[PDB]
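Reviewing the structure listed below.
Here is the naming used below: chain letters follow the sequence lines, and residue numbers restart at 1 for every chain. Computation of the quantities below employed the complete heavy-atom set of this structure, encompassing side-chain atoms and omitting hydrogens, waters and symmetry-equivalent molecules.
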Protein chains: 2
Amino acid sequence: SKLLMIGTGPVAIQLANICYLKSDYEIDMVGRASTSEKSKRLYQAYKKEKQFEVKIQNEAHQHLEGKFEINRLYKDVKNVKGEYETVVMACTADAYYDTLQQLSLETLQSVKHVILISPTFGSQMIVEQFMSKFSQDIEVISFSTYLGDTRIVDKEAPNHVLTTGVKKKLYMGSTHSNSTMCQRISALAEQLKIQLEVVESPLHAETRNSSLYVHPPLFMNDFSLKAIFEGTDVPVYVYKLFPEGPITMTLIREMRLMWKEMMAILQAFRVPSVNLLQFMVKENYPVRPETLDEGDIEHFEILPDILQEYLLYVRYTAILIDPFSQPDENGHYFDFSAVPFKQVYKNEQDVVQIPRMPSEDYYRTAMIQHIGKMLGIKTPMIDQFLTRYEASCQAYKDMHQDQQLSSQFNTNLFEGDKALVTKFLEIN
Amino acid sequence: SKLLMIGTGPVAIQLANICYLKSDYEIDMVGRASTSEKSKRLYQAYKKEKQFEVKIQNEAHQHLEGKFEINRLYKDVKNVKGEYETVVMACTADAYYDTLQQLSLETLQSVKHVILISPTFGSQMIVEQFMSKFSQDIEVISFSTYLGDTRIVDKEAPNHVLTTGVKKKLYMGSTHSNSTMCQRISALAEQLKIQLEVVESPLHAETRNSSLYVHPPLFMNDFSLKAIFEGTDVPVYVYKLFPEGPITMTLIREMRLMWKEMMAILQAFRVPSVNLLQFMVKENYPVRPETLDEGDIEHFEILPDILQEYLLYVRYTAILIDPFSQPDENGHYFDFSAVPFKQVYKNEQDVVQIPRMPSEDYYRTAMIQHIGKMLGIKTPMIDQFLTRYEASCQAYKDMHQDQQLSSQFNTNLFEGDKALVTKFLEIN
Ligand SMILES: NC(=O)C1=CN([C@@H]2O[C@H](COP(=O)(O)OP(=O)(O)OC[C@H]3O[C@@H](n4cnc5c(N)ncnc54)[C@H](OP(=O)(O)O)[C@@H]3O)[C@@H](O)[C@H]2O)C=CC1
Ligand SMILES: NC(=O)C1=CN([C@@H]2O[C@H](COP(=O)(O)OP(=O)(O)OC[C@H]3O[C@@H](n4cnc5c(N)ncnc54)[C@H](OP(=O)(O)O)[C@@H]3O)[C@@H](O)[C@H]2O)C=CC1
Ligand SMILES: N[C@H](Cc1c[nH]c[nH+]1)C(=O)O
Ligand SMILES: N[C@H](Cc1c[nH]c[nH+]1)C(=O)O
């Protein structure tokens, strides 16, 4: 009956309101004031009001809203004490190891379920193999992604969050198929009117995230890396065609290549393949019927390479605008494409950070490359993504020796994570 | 030493200034007041000033500008009398037959050279076979297209015209290779600093026009035909992606198909094939080096079908903007794509006209289909273009029985033209 929610951002707050309203757990939340002025403001805001709040924008999302209190807000991970049956990881996947390893032995021994909200491919392996030293029968559950889009409207009230959208479909896998915990989650999803497909394993669920296949090619190319680390003369945009953004036949090829390296790896683990195009058009964002042939979408996996590339290119071109938005009087639709790149920035202690795009893709990609090695699968496209990213970080260090830089600029990170994946795969 | 310039629009006026300044010919120009309030205003404006004028916009085009008089402006074709060595056809190709056949026998017997400025594929055949009844050794010359872009800024002064652009490259073919007339034209081009490639025959030159291959698929599809004949709820645009315009994988396929039907026909006549992509990117409008692979461009003709289609699709997407224009401060480039469709319109006598796009493509396409039959080459894509266009004209007649309609709405036009092409091909 105790739950530990690791994270104090909007994801954590939204999940905590679901637990508060729909579970029997006492909820403790854990931030990190030590390492973060964002966590600190959140702690200060909660201390003052003694309430969090979730608002919604589309009334379709009733179930998710509410004001609530938790049992305890911990300032930092090291402060956690006692026993918790269930740990929810609502942080970034590149912190799961580093975070859990700050928990006490006593805490770590009490845990029966770890729930990964936004895992990468291999996260369940890391977390299972880590937590194995302390429980013998730890249940690990992975979602495909967080359930929607939540944010803070007002930075000075970060305990008030707004859920703007919910996903059409999530996937969930457990290390313990059809467990009590799976069934409760299923029953909860059905109340929140969120479609949830249960799959065979956590790894299966981790591969039904389109950002896996799409973000590395979009962000880890020289156009994007320049725009992130050096900037440009006029704004450029993530989803636009060259020269307005990175998209190009070269990029789409790299995406196909990466997707195929990935599909080799999944064949090794015996996980079904991902029809990328179908996934994008039937699950992410729709296009008009005239844009793509229903057969091409359905049979995408057996079509010739060049055709797969063409269809991917077309999908991206079809969403330069929102083709379902109301066009204005001159026939112009909403500019859906115009998402700027986040640049490296200085936090409030003058430390230079690399934004989540592409920091977290360096992580996802480094994990996939390390799993590729361990299985003897080749990964030459992944390799090149990593090399490019490492080259930009090295260029940044060389170019800005005055400046104080985060440890995201360092090599090589993730040794701990990689060692746990090595171990897990030796056993099986 | 007499030249007859058929046409009184901007093309005719620009060509006449070239003749006035750089030839020894006395120039007579022929309009058609009978059939046209545009011709009439032109005649009235010239009568009043007794000058035409060509201005230029880019000073790169010095050679072409000037004020001038001609020897005689004829109000109508039937009025022409006397002998002319050279006839320049500066009208639309769908009028060449109908126009020449209004000339007198005496006039028709004196003619040694006919020069086709904006011919379609087969125009030289029509004009050669027609004029054969009157001269035995008629020289016919075809250009690929008119030399640039000229227009009337001010409709009330249509004798004042502005040449805005000149083409990078023209092609010219003669029925009499390396004739005196070819060499004079070559020498004239070199003075106007216009690159002119002389080719083996007129038909060769008529096939180096990109509008041949591109306009029928762009305009003779159901999206475009609706927009032209019925209109739409918000403006749509010729060069935009669905739903903003017609461009789509379906369209590009039709373009490939048509281009291939055409390349079969040229193989019959032993004319070299047209590398469509190369032509578009090296001659029409450039793209950035990152957009297309130099090898794909060069080897376009031997690449697989799907790849040819992908590359065509990409070319069109790359020019949604002018990728060489100055982007503004938000990174937005000139909207090069936003060319509206011209709709059916009523002339000043309340007769409904079909605009040149697609009237003239119905002509070009009908000629190609008739040449296909005569050679036993199949043309199923062309056939469908014609069927669609005929269907829209029939729908318009059914839907607007109150309205007075032009003869562009009639079936079947061009019997005269087709009979001359039949004859020409029986002989060779
Ligand atoms: N719409 C959304 O909100 C979506 C979010 N996601 C993903 O879900 C995850 C959670 O995102 P969200 O709540 O929105 O944003 P946050 O960045 O606020 O969430 C991540 C949480 O984990 C914390 N964290 C990071 N490193 C550590 C560490 N070493 N120890 C303890 N805690 C740590 C963060 O702290 P701090 O507050 O100090 O930054 C934060 O509280 C992210 O991976 C995000 O990208 C995915 C899709 C949509
Ligand atoms: N930038 C440009 O100007 C370009 C033009 N072209 C093409 O070159 C050709 C000439 O165009 P342009 O001068 O610009 O425009 P116009 O429409 O003014 O030119 C066509 C000329 O031929 C005349 N004509 C049409 N039918 C007949 C007939 N039965 N008897 C006698 N004359 C006739 C027209 O008369 P009227 O004045 O009554 O309409 C006009 O004088 C067209 O095919 C055009 O599409 C091609 C590329 C670029
Ligand atoms: N909805 C994601 C991201 C996005 C594209 N354009 C704007 N945002 C997708 O590609 O389907
Ligand atoms: N310049 C022609 C026509 C054009 C395209 N976009 C605007 N105009 C071309 O396609 O190359």
Side-chain angles (χ1 to χ4, degrees), chain A residues 120 209-262 276 280 305-306 308-317 319-320 337-344 354-369 372 378-397 399 408-409 411, chain B residues 287-296 310-311 314 317-318 321 323 327 331 333:
Chain A
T120 198
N209 172 13
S210 56
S211 298
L212 256 221
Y213 310 106
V214 162
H215 280 196
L218 271 170
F219 290 99
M220 302 196 286
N221 58 80
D222 303 325
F223 177 105
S224 294
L225 296 169
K226 187 217 203 280
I228 310 307
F229 289 91
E230 314 162 59
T232 52
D233 305 8
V234 301
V236 293
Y237 304 90
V238 175
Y239 298 104
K240 291 186 188 288
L241 273 19
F242 194 91
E244 297 171 288
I247 294 177
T248 225
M249 288 180 80
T250 299
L251 188 141
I252 287 311
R253 182 165 160 282
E254 293 182 16
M255 174 184 148
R256 192 186 52 76
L257 282 176
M258 206 211 125
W259 166 68
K260 288 313 288 280
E261 288 170 16
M262 286 301 298
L276 186 50
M280 288 178 146
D305 289 3
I306 290 162
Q308 290 167 326
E309 293 182 20
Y310 181 13
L311 294 154
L312 296 169
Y313 190 89
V314 169
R315 187 296 197 288
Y316 278 99
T317 64
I319 64 187
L320 292 165
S337 245
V339 169
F341 284 96
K342 313 285 184 162
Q343 297 177 254
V344 301
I354 305 188
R356 246 197 312 94
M357 300 177 321
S359 297
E360 83 185 341
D361 299 291
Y362 182 50
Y363 180 77
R364 299 198 251 195
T365 290
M367 291 310 94
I368 290 158
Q369 187 196 40
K378 280 268 188 266
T379 83
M381 204 48 35
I382 298 283
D383 300 333
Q384 165 119 238
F385 292 151
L386 292 155
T387 310
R388 294 176 187 159
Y389 184 95
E390 284 160 359
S392 307
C393 286
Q394 191 51 257
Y396 199 93
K397 285 171 128 146
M399 208 56 77
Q408 301 166 295
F409 287 92
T411 64
Chain B
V287 295
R288 300 287 269 248
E290 297 82 350
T291 297
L292 295 174
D293 181 60
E294 270 304 328
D296 287 341
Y310 181 13
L311 294 154
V314 169
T317 64
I321 49 92
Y333 291 80

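- Side-chain N or O atoms of A/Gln408 include one that pairs as donor or acceptor with a backbone N or O of A/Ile354 at under 3.5 Å.
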message = If you apply the rule side-chain contact (heavy atoms from CB on, under 4.5 Å), what do you find for A/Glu244 with B/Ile321, and how did you get there?
response = CA-CA 9 Å; A/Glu244 297 171 288; B/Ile321 49 92; 3.6 Å; yes
- Message: A/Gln394 vs A/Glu390, test: side-chain contact (heavy atoms from CB on, under 4.5 Å). Steps then yes/no.
- Response: CA-CA 6 Å; A/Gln394 191 51 257; A/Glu390 284 160 359; over 6 Å; no
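- Separation of atoms CD (A/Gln308) and CD1 (A/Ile252) is listed at 12.0 Å; rounding is to 0.5 Å.
- Closest approach of A/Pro243 and A/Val236 over heavy atoms only: O-CG1, 4.0 Å.
- At least one donor-acceptor pair under 3.5 Å links the side chain of A/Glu261 to the backbone N or O of A/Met381.
- Between atom OG1 of residue A/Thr248 and atom CZ of residue A/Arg253 there is a gap of 12.5 Å, rounded to the nearest 0.5 Å.
- Listed here is the closest heavy atom pair of A/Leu241 and A/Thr317: CD1-CG2, 4.1 Å.
- The backbone N or O of A/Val234 sits less than 3.5 Å from a side-chain atom of A/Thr232, completing a donor-acceptor pair.
- How far CG of A/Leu257 is from CD1 of A/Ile382: 10.5 Å, rounded to the nearest 0.5 Å.
- Within 6.0 Å of atom NZ in A/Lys378, 12 or fewer heavy atoms from other residues, nucleotides or ligands are found, so the atom counts as exposed in its surroundings.
- Look at A/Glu254 and A/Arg388 and you find a salt bridge, because one of the NZ, NE, NH1 or NH2 atoms lies within 4.0 Å of a carboxylate O, short of that distance.
- Between A/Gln369 and A/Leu386, the closest side-chain pair of non-hydrogen atoms falls below 4.5 Å.
- The aromatic rings of A/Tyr310 and B/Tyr310 lie parallel to each other, with less than 30° between the two planes, well short of the 60° mark.
- The main-chain N or O of A/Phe242 is never found under 3.5 Å from a side-chain atom of B/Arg288 such that the two would form a donor-acceptor pair.
- Considering all non-hydrogen atoms of both residues, A/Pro217 and A/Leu251 come closest at O-CD1, 3.3 Å.
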Candidate pair A/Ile368 and A/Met258, rule side-chain contact (heavy atoms from CB on, under 4.5 Å), full reasoning
CA-CA 10 Å; A/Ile368 290 158; A/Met258 206 211 125; 4.2 Å; yes
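- Across all their heavy atoms, A/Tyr237 and A/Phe341 have their closest contact at C-CE1, 3.8 Å.
- Taking the side chain as every heavy atom from C-beta outward, A/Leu276 and A/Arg256 never approach each other to under 4.5 Å.
- Evaluation of the ring-ring contact (aromatic ring centres under 6.0 Å, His included) rule for A/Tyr239 yields no partner, not counting sequence neighbours.
- A donor atom on one side chain and an acceptor atom on the other are not found under 3.5 Å apart for A/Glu230 and A/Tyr396.
- Between A/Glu360 and A/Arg356 there is a salt bridge, with a side-chain nitrogen of the basic residue lying less than 4.0 Å from a carboxylate oxygen of the acidic one.
- Contact check for A/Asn209 versus A/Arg364: side-chain heavy atoms found under the 4.5 Å cut-off.
- Looking at heavy atoms from C-beta onward, A/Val238 lies out of side-chain contact with A/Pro340 at the 4.5 angstrom threshold.
- Distance check, rounded to the nearest 0.5 Å: NZ of A/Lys226 to OG of A/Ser392 gives 11.5 Å.
- Remark: the backbone N or O of A/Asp361 is paired with a side-chain donor or acceptor of A/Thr365 at under 3.5 angstrom.
- A/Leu312 contributes atom CG, which lies 10.5 Å from atom CD1 of A/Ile247 (distance to the nearest 0.5 angstrom).
- Shortest non-hydrogen contact noted between A/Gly231 and A/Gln343 is CA-NE2, 3.7 Å.
- With sequence neighbours excluded, the residues satisfying side-chain hydrogen bond (donor to acceptor under 3.5 Å, both in side chains) with A/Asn221 are A/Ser224.
- Using a 4.5 Å heavy-atom threshold, the side chains of A/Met280 and A/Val214 count as touching.
- Annotation: side chain of A/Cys393 is in contact with side chain of A/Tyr389 (closest heavy-atom distance under 4.5 Å).
- Under the 4.5 Å side-chain criterion, counting only non-hydrogen atoms from C-beta, A/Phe219 is not in contact with A/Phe385.
- With rounding to the nearest 0.5 Å, the separation of CE in A/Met262 from OG1 in A/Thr379 is 10.5 Å.
- Considering all non-hydrogen atoms of both residues, A/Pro246 and A/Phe223 come closest at N-CE2, 3.6 Å.
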